[PDB]
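Read the structure below first, then the notes.
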Amino acid sequence: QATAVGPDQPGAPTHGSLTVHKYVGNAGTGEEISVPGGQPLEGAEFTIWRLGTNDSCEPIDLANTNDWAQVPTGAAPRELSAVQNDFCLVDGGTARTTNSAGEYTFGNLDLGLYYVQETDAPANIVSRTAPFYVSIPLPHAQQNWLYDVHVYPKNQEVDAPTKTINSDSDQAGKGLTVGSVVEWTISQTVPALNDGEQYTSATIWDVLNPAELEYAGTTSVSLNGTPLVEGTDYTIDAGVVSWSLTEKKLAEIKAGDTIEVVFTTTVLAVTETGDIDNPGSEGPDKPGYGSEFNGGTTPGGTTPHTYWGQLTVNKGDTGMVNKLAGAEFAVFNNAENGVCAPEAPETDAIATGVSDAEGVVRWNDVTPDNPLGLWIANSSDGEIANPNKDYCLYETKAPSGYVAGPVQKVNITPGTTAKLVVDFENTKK
């Protein structure tokens, strides 16, 4: 098969190479097996030092028989200082970066001993390969000697978190007026780590736009269904909502441990578009949510939405020629396929209001007075095209000398520009 001879035999090369193939996701052997599997990785920086022996640092020459006594037997130390005790460094290191195929070849390497460590990687990467020794040539059982060595290091990434919102059903009890809250669930799969490393820093952040949302309170952070502890999984830092763990839970999680954080955000106002989203963020720079394990960050994947619209009501007599004061209104969530009850059910209303001097219904317990911001729909499965929810508007108290008008169902569309203006008029006699 492809074969070679010893580094001191006739017909032997003078130099060699080391081709790195970086993938995400086979003890060794040295040769190139052209069966990848999938998922290359670019941006991986590998610095390689040639090793000598202790006056001055005389490089190891693997063409000399005596220098093979220096070749190490076990794994390589994880720090450059530890290898500097046994060996000495000839060069100051040569750092190069993998390509789109996740590959780089260190060519024209003299027959000696080399120390390689992955000195940089993309921010998506949390755990890099362990530092390793390479000998040019490499003893091989099929090709006798191997001068063009191929290494397949291991690189571990952090998966993108997923964020869902509470549903429309669940929204009823949680609140329906502007100023209520919603619940999001940040589900994150724990990333794998390379052998020997322990989890150092675990953080999930969620930067909030101060014009739309405001942190109210975390309700749960569970671990594969098992929830949280008070001071074990630290869950504060309200400003720029973040969640930094502590060593106990860090020494507890395994690869594949799903963790789900649930927190509450106060919906502040109705945006011009009415669409309030929570996308991913690559860091605490701009609004969004993301993760961090051992310094490896990632933005979120899914983007939930909560839609909110407006509604203002004008009071007048029959024909809207005179604007009337003192008429009391109430909004209920009780529509069925476009029908409303004849008059208001005696249950607790969603929002109440009264008309003022110019007959504009100023609403109570909500900011601002006019218009009125009501909930529409929540979606965790992408955007909604033309969202709308039906409410029922009732007049509870009519002005003295007027008979209140009939019930109107109201359809609410997102955005302060799409506000629904209702002219609620009353017959006189």
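We label chains A, B, ... in the order they appear in the structure tokens, count residues from 1 in each chain, and number ligands from 1 in the order shown.
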
- Message: as a ChimeraX atom specification, please: every residue in region 108-245 of chain A that a backbone DSSP assignment puts in helix (DSSP H, G or I).
- Response: /A:171-174

Dump of C-alpha atoms for the selected residues, as a compact mmCIF listing (two decimals), in the first residue's frame:
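Final file, part_7.txt:
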# COMPACT_ATOMS: atom_id res chain seq x y z
CA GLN A 171 -53.16 34.67 28.19
CA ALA A 172 -56.67 35.19 29.51
CA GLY A 173 -55.80 34.87 33.20
CA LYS A 174 -52.38 36.52 32.80

- When you draw a straight line from CA of residue 281 (chain A) to CA of residue 200 (chain A), how long is it in Å?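 These atoms are spaced 21.4 Å apart.
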
- Message: Report, in Å to a single decimal, how far apart CA of residue 112 (chain A) and CA of residue 135 (chain A) are.
- Response: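 Taking CA of residue 135 (chain A) and CA of residue 112 (chain A), their separation equals 6.0 Å.
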
- residue 396 (chain A) surroundings by only C-alpha atoms, 7 Å radius, close-in-sequence under 5 positions cut, as a list in words: residues 328, 329 and 330 of chain A

- Skip residue 39 (chain A) itself and residues of its chain fewer than 2 positions away, then list as a list in words all residues within 12 Å of it, counting only C-alpha atoms. residues 21, 22, 23, 24, 25, 36, 37, 41, 42, 100, 101, 102, 154, 155, 156 and 157 of chain A

Take the residues from that selection and put them in a file with N, CA, C and O atoms, as a tab-separated table (two decimals), in the first residue's frame.
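Wrote it out as part-v8.tsv, contents follow:
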chain	number	residue	atom	x	y	z
A	21	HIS	N	-7.86	18.57	10.01
A	21	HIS	CA	-9.24	18.58	9.51
A	21	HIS	C	-10.14	18.85	10.70
A	21	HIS	O	-10.30	17.99	11.57
A	22	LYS	N	-10.69	20.06	10.76
A	22	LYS	CA	-11.53	20.46	11.91
A	22	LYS	C	-13.00	20.23	11.62
A	22	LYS	O	-13.47	20.71	10.61
A	23	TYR	N	-13.66	19.49	12.51
A	23	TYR	CA	-15.08	19.22	12.41
A	23	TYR	C	-15.72	19.39	13.78
A	23	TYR	O	-15.05	19.39	14.81
A	24	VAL	N	-17.05	19.51	13.78
A	24	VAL	CA	-17.84	19.66	15.00
A	24	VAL	C	-18.67	18.40	15.18
A	24	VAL	O	-19.37	17.97	14.25
A	25	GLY	N	-18.59	17.80	16.36
A	25	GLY	CA	-19.32	16.58	16.66
A	25	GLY	C	-18.43	15.44	17.11
A	25	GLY	O	-18.12	14.54	16.34
A	36	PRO	N	-15.60	11.90	5.67
A	36	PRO	CA	-15.74	12.95	6.69
A	36	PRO	C	-16.82	12.64	7.71
A	36	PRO	O	-16.53	12.44	8.89
A	37	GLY	N	-18.07	12.58	7.26
A	37	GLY	CA	-19.20	12.42	8.15
A	37	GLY	C	-20.12	13.63	8.11
A	37	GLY	O	-21.34	13.48	8.02
A	41	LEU	N	-15.56	23.06	9.98
A	41	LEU	CA	-15.48	24.23	10.85
A	41	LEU	C	-14.28	25.08	10.45
A	41	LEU	O	-13.14	24.61	10.49
A	42	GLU	N	-14.54	26.33	10.07
A	42	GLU	CA	-13.49	27.28	9.74
A	42	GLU	C	-13.33	28.30	10.86
A	42	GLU	O	-14.23	28.52	11.67
A	100	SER	N	-12.54	26.83	4.66
A	100	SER	CA	-13.95	26.47	4.58
A	100	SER	C	-14.15	24.96	4.68
A	100	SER	O	-15.20	24.51	5.17
A	101	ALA	N	-13.18	24.17	4.23
A	101	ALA	CA	-13.22	22.73	4.44
A	101	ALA	C	-12.77	22.34	5.84
A	101	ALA	O	-12.68	21.14	6.13
A	102	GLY	N	-12.50	23.31	6.71
A	102	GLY	CA	-11.99	23.01	8.03
A	102	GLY	C	-10.60	22.45	8.04
A	102	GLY	O	-10.27	21.63	8.90
A	154	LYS	N	-11.23	17.56	17.81
A	154	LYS	CA	-12.63	17.66	18.23
A	154	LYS	C	-12.92	19.07	18.71
A	154	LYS	O	-12.13	19.65	19.47
A	155	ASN	N	-14.03	19.63	18.24
A	155	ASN	CA	-14.46	21.01	18.62
A	155	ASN	C	-15.94	20.95	19.03
A	155	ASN	O	-16.72	20.32	18.32
A	156	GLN	N	-16.31	21.56	20.16
A	156	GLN	CA	-17.66	21.52	20.72
A	156	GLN	C	-18.28	22.91	20.68
A	156	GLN	O	-17.64	23.89	21.07
A	157	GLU	N	-19.52	22.99	20.21
A	157	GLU	CA	-20.24	24.24	20.07
A	157	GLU	C	-21.44	24.27	21.00
A	157	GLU	O	-21.89	23.23	21.50

- Show which residues sit within 10 Å of residue 43 (chain A), as a ChimeraX atom specification. Count only C-alpha atoms, and ignore same-chain residues fewer than 4 positions away. /A:22,96-100,102-103,120-123
